[PDB]
Amino acid sequence: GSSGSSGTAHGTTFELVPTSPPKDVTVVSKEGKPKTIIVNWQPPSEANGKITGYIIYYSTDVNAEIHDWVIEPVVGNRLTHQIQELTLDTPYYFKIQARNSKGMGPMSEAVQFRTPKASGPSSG
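Residues in the sequence shown are numbered consecutively from 1, following PDB author numbering.
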């Protein structure tokens, strides 16, 4: 594997951010609430190191610069996130990433998910 001696096995001497995109990227819609949607995902196999949290990006535009893209930081190292108060009949692009004690990594391909539609005056 590599060349080097061993002695002070007091953990790692250095960490390497997750330079790999997440897996199990799915985007569903809330039951009853069209303006609300749930985004699930899973940690990458590489996982050069450990995990502490995740970040999701979403914006009406797709060609827009990450700068414009909003940052939805997830707490409790959660693998799922919910976004309410959104627009209907509009193509929204979502992105999921993995960040650890060190930092964040590369974002996955833009997930195009067409928002649902309100069917019936009843909801709840």
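Ideal Cβ positions, reconstructed from N, Cα and C, are used throughout, including at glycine.
- With fewer than 16 neighbouring CB atoms inside 10 Å of its own CB, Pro-106 falls in the exposed class.
- For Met-104, the three-state secondary structure derived from DSSP is strand.
- Counted as a single uninterrupted DSSP element, the beta strand (DSSP E) harbouring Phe-94 occupies residues 91-99.
- For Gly-53, the three-state secondary structure derived from DSSP is strand.
- For the pair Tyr-92 and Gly-1, the Cα-to-Cα distance works out to about 44 Å.
- DSSP lists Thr-26, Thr-80 as the beta-bridge partner residues of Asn-40.
- The shortest CA-to-CA distance from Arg-114 to any of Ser-101, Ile-37, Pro-73 is the one to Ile-37.
- Between the stretch 52-69 and the stretch 77-92, the count of C-beta pairs closer than 8 Å reaches three or more; the two stretches touch.
- In the structure shown, the three-state DSSP call for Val-17 is coil.
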